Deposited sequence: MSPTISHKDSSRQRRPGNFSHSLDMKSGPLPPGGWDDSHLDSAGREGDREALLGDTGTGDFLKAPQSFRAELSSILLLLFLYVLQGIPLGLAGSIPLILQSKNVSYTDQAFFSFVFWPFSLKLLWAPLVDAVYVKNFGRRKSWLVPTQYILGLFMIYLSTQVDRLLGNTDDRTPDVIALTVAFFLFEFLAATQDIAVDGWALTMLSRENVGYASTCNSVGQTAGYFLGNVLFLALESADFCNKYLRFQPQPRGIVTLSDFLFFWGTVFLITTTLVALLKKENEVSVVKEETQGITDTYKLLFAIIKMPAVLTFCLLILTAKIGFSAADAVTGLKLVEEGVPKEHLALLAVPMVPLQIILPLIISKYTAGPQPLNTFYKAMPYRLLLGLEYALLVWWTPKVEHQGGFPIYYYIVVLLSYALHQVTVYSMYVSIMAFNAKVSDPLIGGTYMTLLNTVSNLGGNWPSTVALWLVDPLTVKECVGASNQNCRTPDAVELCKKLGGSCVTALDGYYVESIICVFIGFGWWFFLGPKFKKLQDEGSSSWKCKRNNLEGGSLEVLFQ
């Protein structure tokens, strides 16, 4: 069934294109020198892909007659998302402010990328339901690893490829003979091209209830998973400050967003390799053991991010930017994403350990939803608390990183044994 799994791979690359763009916009807005209250108001865009389960039964409960049950919300979501990308490519010339140095109207850009993300998340639900019925039962795990590789490849084409092809600096150092300004593609041309790709793949793929919410209310009423809910909400505060603010403080204190995006291309082979290493801790009877043993390493790499942002102004920016800075920040991001990926596969292994086969297909993604909510809300609280902590004499990111590391080690030393006993 190669004729369908390549189409499903292409639909997950088109899933990853809005996520890649939504991850690229904070780097662009920080390159335009916007304040962090505006950045935290933008950071609501990362929440619908986390909280897609809150409308997943609403989009899996209804469909149209004499048509596919999940194709009924695949192709209208794809058409609305593509037409919205055409309109956003028209209006993004004035939303970012590339005309006469105007300020980025971030609120309209927030609601644009928020509804855009929302459409991306419900299209992910439509494909994740569509994967169970289009291909055979024998290839059901191939759909899951195809979701993984397609999401990562489409996020690569929107976060890394777009920023690598967005500026004049990288596109006149590399990828071009006879250098010329304004880069390969702007955001208007990139959005217009992927909107055209959305419309054509949508036309080709088209021509060729409250009981679930009552169940979710009963689950979140159940005590042990409610304890896991509160724990995974208050868990990721300790490193969400580093993981949310460091990528923008590096853009302010000097390293370009294009190099910070291209810094992720050595990580996708390691993103392949690392679950094949931590598969033993996944299959083990205590799946939160590598969570609890990767928590302090992730907080110490949060301090190492704070030290790296402190070290960024003390290295020379003029002329050829040095490669030892890039090998330091690449080993830093490499070890930090090692502990990110070990923590994430520990959460996935805990959900596979706990989720019963009765309502497992809902309870699995419920715990995934609540872990991603607990990952994405202290991002917004961190970016909102950047600006009141700037005493720039004393910067706010360093005192925020110290306070959030104290919150994370407080979480660790106070709620370690409880979170370790929740798996029994």
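In this entry, the deposited residues absent from the coordinate set span 1 to 70, 279 to 293, 477 to 504, 538 to 560.
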